[PDB]
Structure formats: structure tokens, C-alpha cells
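The chain that follows stands alone, in the form deposited in one PDB entry, written as C-alpha cells.
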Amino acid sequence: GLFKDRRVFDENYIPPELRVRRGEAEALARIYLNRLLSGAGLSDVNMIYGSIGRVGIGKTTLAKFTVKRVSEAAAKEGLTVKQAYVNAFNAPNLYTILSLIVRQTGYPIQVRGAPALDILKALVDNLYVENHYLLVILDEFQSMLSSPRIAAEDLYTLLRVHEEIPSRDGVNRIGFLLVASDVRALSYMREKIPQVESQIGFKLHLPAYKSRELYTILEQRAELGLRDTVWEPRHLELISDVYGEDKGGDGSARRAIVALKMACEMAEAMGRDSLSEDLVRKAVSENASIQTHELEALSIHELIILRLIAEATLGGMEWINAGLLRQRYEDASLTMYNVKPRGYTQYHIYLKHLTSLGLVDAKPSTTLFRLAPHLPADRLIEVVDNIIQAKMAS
């Protein structure tokens, strides 16, 4: 029907080129290549993280595209770099991370009963036998940090492998690209394991996408994925104008792409063979992440303040001043929640924390606060209320 290749719209499709974040991909690729193309092997550890609470902003895509580029460029010089991708949500312990990494190399290394260290040794040996290099992406890295099943000392040996496990010929052949959801992963590493954190040479922060970038991203999906007659620029603008973070949206490329997908299948299902504006607009309106586990981690008192900031937004008065907020907070704790209001000192810590979680923006002129514009205010009020109820009962 409308599609010339539907797989261009699947969640792990990686485009043959990047048109947004291209420079960041080159910079990352170059740090690896600089070490490798100068005969110093592969050993760098770098990280990609995103804005706090933002999803679908290219963390995974950038990391995989970059490694892909390192591999193409190294082959022009005849080198051989293998790629291994591990999502650390999908792996409780280092033993599991490691056996996933060997599965991907294809090397015949027996992992039954082998300690994490020993698997790493066999890996180092096979890379030496073969004359190969291995660039490892560890995605959702933050889950490797909040995991009692993985010990500080282990991450240490993993991320400092060439100091702990030297190769036969002294050629370092393993580098790392860590991908974490946000800066807290770094904050945590600094406070808990600064000897591993210090190994990270380059940290790259991915922000949410502006409308212009989303437009560029949708245009590349249309070109590769849609038949040329099916779409028009304006169709795509309709998506990017709403989702752009400069326009009050998510800035999520995942959401934008899924909208365009949906609009196309909505056309097919009707018997149309091109898009129309109605279908695109339709798609945008049936097509937003609120992570309850983040809220559940918050104390009742933060949750009460979050709620109040949210309702001030829902009633068309976006931006509430410190004074009124405090008043409503004292008012609200006692009457609505039957808890005594916390003192000023504790209160300010709570407001700060909400801000640092990106849930609320704060601006002076005496402080003004608002819900993050991209947050659905009534969905959040709902979620928040139930969490307060559950914490109290407990």
C-alpha cells in the first residue's frame, strides 16, 4: 500500500545515516578511532545519557549507529571491530552480561560454570587469537549501578579490563560505550565508585528534540520507508509542530515516528493510497510516558507538592509563586491528607528535588514553579493521588 518498507518504522531500525546528532556520532566515533588507528588498540570508555525523564531521544540509536561507524571506518584500514549490544535491564549479574557478550561475538567460549572474570579472560584471549577488537555497548547502564547482584569491584574490573587482564601481546582490544537514562547514573558513580567514573573520557548529553529536528527525522523515515507519492512535507510538519520540545511537546522521536506509522496504516485501512492531513492529525491525537516507579520513589510530601503544582497548571494558571504554593501546601497536607505540614527547611529540599527530577521548572521573578509542560497534568494528579494513598496505608 503506502509503505515501500515497513521495517523502517520498527523500534530497532537504525537508519543508514544520521541527519540529526550526526556530529555527536562523529565525535564519539573519533575518540575510539583515534586510539585504534594510531596502533594503541581499543580501550576507551564513553557514556551517552539523556535528559531526565525524557524518552525516545536517540540514546540507543546514537550508540548503535556510532559503533557501526567505528566498525566501517576501521575496516577501511583492514582492522576488524566486532560490536556487542547488551541491555542491562535484561541481565541481573555480570555473569549474565558477559555470556550475552560472548553469544554476540560468536566465539566458542564455554560459559557453563565460568566466573565473570574467567569469561572476560577467554574473551581477551579469543580477541587476541583472532586479531579482532570488541566495542561493547552497555545500555540501561544505570540498572547495572542499582543492582546488589553486581558488585562495585566487578564493574571496576570490567571497565578497567586491560589493567586487570592484560593480553598476551599487550594490545588492548575492548572498549565501552555506556548508555544511561540520565545524569543520576553519573552522580551515583561519582559518589559511590569514583575510580570507575574517572575512566569515562567523554560524556554526551542528549536533549529532547526540537520540531525542526523531528521534521528532519520524519523526512528521512518517509524517504526510506514510504512510497514517494504518499506524503507531503506538511503532513510531517503536523507531527513535528506538536511533538517538538520547543513547542511544548515531549521532543520524542519514537512518538513522532509512531504517529507517522499510524497515519499511514489509517490511510491503508480506509483504502486511501496517500496521506491526508486529517489522518495525520488523527494519528497525533490517538498517539506519553509517566514512569510510576519514579513517583513511587518519592515521599508523600514531595507527592503532595507535585500534585499542587500540577493542579495550578490544569486550571490555566501556569506558574505559581513560592508564597501561594507554601500556603496551599500547608492547607492541603492537613485537610486533604491528614498529615502535619513539614517545616520550611525540609520543604525547600523537596521543591529542589522535584526540580532536579525535571518534574517542575523553577524561575525567579519570589520563585515561580510550574509542571513540566510535556507532562499530562490530569494523568499525573491521578497517579500521584493513588501513590499517596498507598504510602499512607503502609
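Numbering starts at 1 and runs along the sequence shown. C-alpha atoms forming the largest set that superposes within 1.5 Å between two forms make up the rigid core.
What comes next is about the form deposited in another entry, which does not appear here.
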| query | finding |
| --- | --- |
| From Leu218, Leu308, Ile101, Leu94, residue displaced between this form and the one not shown - CA threshold 2 Å or more, rigid core | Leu308 |
| Is_shifted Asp385 between this form and the one not shown (CA, 2 Å cut-off, rigid core) | yes |
| Large Cα shift (2 Å or above) at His353 between this form and the one not shown, core-fitted | yes |
| Flag for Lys121, CA shift 2 Å or larger between this form and the one not shown after aligning core | no |
| Closer or farther in the other form, the Cα atoms of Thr355 and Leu214, when the shift from this form is 3 Å or more | farther |
| Cα-Cα trend for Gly248 and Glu382, given that in the other form the distance shifts by 3 Å or more | closer |
